[PDB]
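Below is one structure, written out as structure tokens; comments come after it.
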Ligand SMILES: [Mg+2]
Ligand SMILES: [Mg+2]
Ligand SMILES: [Mg+2]
Ligand SMILES: [Mg+2]
Ligand SMILES: [Mg+2]
Ligand SMILES: [Mg+2]
Ligand SMILES: [Mg+2]
Ligand SMILES: [Mg+2]
Ligand SMILES: [Mg+2]
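Chains as they are written, first to last, in the authors' numbering: chain A, 7 to 448; chain B, 7 to 448.
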């Protein structure tokens, strides 16, 4: 963290001596800790490589932000020494802000590369496309080892990775892998179609990130081959590239465990007006059904004017019944995602749960009713116990069987938030404290 | 999914023709879909490799489970053709169940390997140790390229990975990397200390998984070098190995967003008794403070017998106030984790939020109070609006400033669940509907 010295004079000499011995990340680490001036000045000095990298690892918006400021003499320079896949996605960041700057800034790009990027924008950001890089290593089945090792002796600094060589026939279709770990021990005269592997795993141009992701986690890979409608090899996907697709779809899920329902969402980047518009979309439909909570507490007013001396027992009661429905749904929901359990594993849970439900209800009842007495209302004390428990159970069995419900209909169970619960757990959670009090007084 | 044929006869011939052409994973996929008999019989047929693999990818308990049943003539067989790191962790799985079987089963292990694993158990399963594998590639600074490429021509099938060669001096200390991608283009006569990289990133033997994980996501690596107290290179960590550490610490986090507070937790594996003991640890402390919710609704009974005609407005009211505190805490909590925001970023949120809070409260008030009239209680209609709003705000500002609170004291913010909120959001959320009704009647 000494860089903050060879930069205060705004010279040239003492600065360049640093922007060559420090790793891109160190910078990224102290980047959001910089000033609108230093940054605007550093992203125009580090070498072609470093500058490019440090950019691809910036918020999509923070990227296009410095693609409108940075001097045009460096644009046609960075865009090149910048990995293609990282570009494609990054280049798009701009489009969400300036549909013109795109068409224009795009020209600064060499037509030899542009035509390639003019194909990675046609693929969604969900499917393989928006992740696959064309800079791969592809050989032919009718070649030698001494030949492939010599083919990589060159064109090695122009391919995302030469550790996994793919094989394709004349028509361009894939038909086998070829670990370099093998090209090193094999005999220099051996054919390629004899050390290769015909049983190759792949991913279609259109496969949800999550899906693609999973494969590289089970099959313990690091490089997945992307194919097209017919079967031609048109791109590869790196692991450090998908290692993010996780934290992303991971934070997208932790998010939908609240109201917050917006695709890519960061925090430091979003004015109060922004959070508001989204957060309040949900917070509202939620208090539409919750509204019915108080409307029903009305229909049963006749007998309620009798439950006059009590009813103070709807907070602790309707809440604990909610907390339950949560743990339940939480646990099952993530499960459905971790490929643990399934659409066919619902019976098995329904049951398994009934046990935990009535199991808890009892431990809890002893606690609530133990004080529902000591508090000062020994009168009608069954309404409390019979309900808390008759509910904790009825609740845990709701949040537990709901997530499945969605999947049976095709919908990210993550949608079944905690509040969607702490609400429907108030709806039904009340009707019980009513019949368990009405037909407990006549 | 044809395997279910060459297995019904319980023969020998037609079965082994399958357990040779089927990938380990296909099996794992249909493993939890098998019977206590087929499994117990298949894990004794597949070749040394496949059988070993399929085991390392099984719940820690489901592992040690089949290490007490499987025939002893296969144990000293699997435990060998089984990667060391995966063993270490796996062999421990047994220890949490049988402190004897361990000491014993351990014996079937070749002393040459045993002494190696008798060192991977002294490292926590949180720290690097429980993840680092000793089967790495380490060379010396004073060697050539044609020499390292020739050193890998052999001992290639006994190293976790030879794609990233590490350099160390005579005393065994690390001092540079060496990408194979380089050993391929460099001149066969070039020394090692001239194409290597002195600026190497590393991880100490004791570094929380998450921490070690992060590195391999930023520096876009795939192989991290593990060092010891002094600085000697004693192990490496694979990406596909850490790619899990994520989904793990990822699901540990989504879990702590409820009561569910237990380290490694799977679902299919946990008798209602299991879930119960943990889930109910939290659901209890939670309804200890929630208990206070109804005890306070008492202290204000004198004025409450007055609020007879009403008070049915505590469900929709105290709930929406809770839903708010959730979105808040959820968003901020995950942020603290995504390295977005910080312990210094508390002021900027407190403010940013005041806006969103009072912003929402109003949108919401319009909704609640719009019906608090049309419902049939136009009388004292301010108690509803003034509170809902005076609360939505005071709630969102709680769940928003709570996660930081813990971090200021060193505690995984994830602990601040949603229900921990939907409860404290009931405590304070009430006291308001009281002063906003008591000093609104005199
Ligand atoms: Mg894996
Ligand atoms: Mg990439
Ligand atoms: Mg998605
Ligand atoms: Mg999801
Ligand atoms: Mg509640
Ligand atoms: Mg930890
Ligand atoms: Mg990364
Ligand atoms: Mg490993
Ligand atoms: Mg965590």
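We put the CB at the ideal spot given by N, CA and C, even for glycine.
Which listed residue (the options) has its alpha carbon closest to that of residue i
i	options	result
residue 132 of chain A	A/248, A/23 and A/29	A/248
residue 369 of chain A	A/318, A/330 and A/339	A/330
residue 20 of chain A	A/46, A/51, A/31 and A/43	A/51
residue 378 of chain B	B/400, B/343 and B/316	B/316
residue 79 of chain B	B/111, B/96 and B/64	B/111
residue 426 of chain A	A/437, A/336 and A/383	A/336
residue 281 of chain A	A/291, A/293, A/238 and A/268	A/268
residue 253 of chain A	B/308, B/343 and B/290	B/343
residue 168 of chain A	A/83, A/184, A/240 and A/328	A/184
residue 212 of chain A	A/220, A/77, A/235 and A/24	A/235
residue 158 of chain A	A/438, A/47, A/190 and A/339	A/190
residue 334 of chain B	B/408, B/272 and B/380	B/408
residue 382 of chain A	B/62, B/300 and B/352	B/300
residue 352 of chain A	B/292, B/179 and B/273	B/273
residue 224 of chain A	B/34, B/291 and B/417	B/34
residue 92 of chain B	B/143, B/406, B/24 and B/63	B/63
residue 130 of chain A	A/201, A/214 and A/114	A/214
residue 3 of chain B	B/446, B/292 and B/387	The structure shown does not extend to residue 3 of chain B, since chain B is modelled only from 7 to 448, so the question has no answer here.
residue 365 of chain B	A/302, A/287, A/171 and A/109	A/287
residue 102 of chain B	B/70, B/216 and B/278	B/70
residue 117 of chain A	A/82, A/310 and A/104	A/82
Proximal residues to residue i (C-beta, below 7 Å), its chain only, five neighbours per side dropped
i	result
residue 421 of chain A	262 and 412
residue 7 of chain A	36
residue 363 of chain A	398, 399, 402 and 403
residue 13 of chain B	21 and 44
residue 319 of chain B	378 and 390
residue 58 of chain A	84, 87 and 88
residue 349 of chain A	410, 413 and 414
residue 339 of chain A	409, 419, 420 and 422
8 Å Cβ shell around residue i - same chain, five flanking residues per side excluded
i	result
residue 28 of chain A	9
residue 175 of chain B	146, 147 and 181
residue 164 of chain A	141
residue 94 of chain B	123, 126, 127 and 136
residue 394 of chain B	323, 326, 327, 367, 370, 371, 374 and 375
residue 396 of chain B	367, 438 and 442
residue 227 of chain A	207, 221 and 245
residue 90 of chain B	119, 122, 123, 126, 139, 140 and 141
Integer-rounded CB distance, given that residue j should sit under 8 Å from residue i
i	j	result
residue 194 of chain B	residue 257 of chain B	Not a contact, Cβ separation roughly 48 Å.
residue 324 of chain A	residue 250 of chain A	In fact, because the Cβ distance is near 41 Å, the residues do not count as touching under 8 Å.
residue 209 of chain B	residue 232 of chain B	6 Å
residue 265 of chain A	residue 285 of chain A	5 Å
residue 218 of chain B	residue 134 of chain B	6 Å
residue 166 of chain B	residue 242 of chain B	6 Å
Neighbourhood of residue i by C-beta distance below 6 Å, restricted to the same chain and skipping five residues each side
i	result
residue 391 of chain B	371 and 375
residue 341 of chain A	347
residue 179 of chain B	237 and 238
residue 202 of chain B	173, 182 and 184
_Using a Cβ-Cβ cutoff of 9 Å, what residues of the region 247 to 268 of chain B are near chain A? List them in chain order._
247, 248, 249, 250, 252, 253, 256, 257, 259, 260, 261, 263, 264, 265 and 266
*Which runs of the alpha helix (DSSP H) spanning at least 4 residues fall entirely within the region 345 to 416 of chain A, listed in chain order?*
352 to 380 and 388 to 414
*Between the region 315 to 335 of chain B and chain A, which residues of the former have a C-beta closer than 9 Å to a C-beta of the latter?*
317, 318, 319, 320, 321, 322, 323, 324, 325, 326, 328, 329, 330, 332, 333, 334 and 335
*Of the residues that make up the region 335 to 350 of chain B, which ones have a beta carbon closer than 9 Å to any beta carbon in chain A?*
335, 336, 337, 338, 339, 340, 341, 343, 344, 346 and 347
*Of all the residues that make up the region 361 to 374 of chain A, which are near chain B by a beta-carbon distance shorter than 8 Å?*
Residues of the region 361 to 374 of chain A whose Cβ lies closer than 8 Å to any Cβ of chain B, in chain order: 361, 362, 365, 366, 369, 370, 373 and 374.
*asked:* At a CB distance below 7 Å, what residues from the region 269 to 287 of chain B approach chain A? Give them in sequence order.
replied: Of all residues in the region 269 to 287 of chain B, only 272, 273, 274, 278, 281, 282, 285 and 286 come within less than 7 Å of chain A when Cβ atoms are compared, listed by chain position.
*Mind checking the region 50 to 74 of chain B against chain A and listing, in chain order, the residues whose C-beta falls within less than 7 Å of any C-beta there?*
Those would be none; no residue qualifies.
*Using a Cβ-Cβ cut-off of less than 8 Å, list which residues of the region 177 to 188 of chain A approach chain B; keep chain order.*
186 and 187
_Residues of the region 292 to 313 of chain B whose Cβ lies closer than 7 Å to any Cβ of chain A, in chain order_ = 292, 293, 296, 297, 299, 300, 301, 303 and 304
*asked:* Going residue by residue through the region 37 to 82 of chain A, where are the continuous alpha helix (DSSP H) segments of at least 4 residues, counting only ones entirely within it?
replied: Scanning the region 37 to 82 of chain A from its first residue to its last, the whole alpha helix (DSSP H) runs of 4-plus residues come out as 44 to 48, 54 to 62 and 66 to 71.
*With 9 Å as the limit, tell me which residues of the region 225 to 247 of chain B have their beta carbon closer than that to any beta carbon of chain A; keep them in chain order.*
225, 226, 227, 228, 244, 245, 246 and 247
*Unbroken stretches of the alpha helix (DSSP H), 4 residues or longer, contained in the region 79 to 156 of chain A*: 90 to 101, 105 to 111 and 117 to 123
*According to a CB-to-CB cut-off of less than 7 Å, which residues of the region 407 to 433 of chain B neighbour chain A?*
424, 425, 428, 429 and 432
*With 7 Å as the C-beta to C-beta threshold (strictly closer), list the residues of the region 22 to 49 of chain A near chain B in chain order.*
Of all residues in the region 22 to 49 of chain A, those with a C-beta nearer than 7 Å to a C-beta of chain B are 29 and 31, reading in chain order.
*Length-filtered (4 minimum) alpha helix (DSSP H) runs lying within the region 178 to 259 of chain B*: 186 to 189 and 215 to 224
*Listed from N- to C-terminal order along the chain, which residues in the region 149 to 173 of chain A have their beta-carbon within a distance smaller than 7 Å of any beta-carbon of chain B?*
158, 159, 162, 168 and 169
_Residues within the region 199 to 220 of chain B neighbouring chain A, beta-carbon criterion of under 7 Å_ = Result list: 205.
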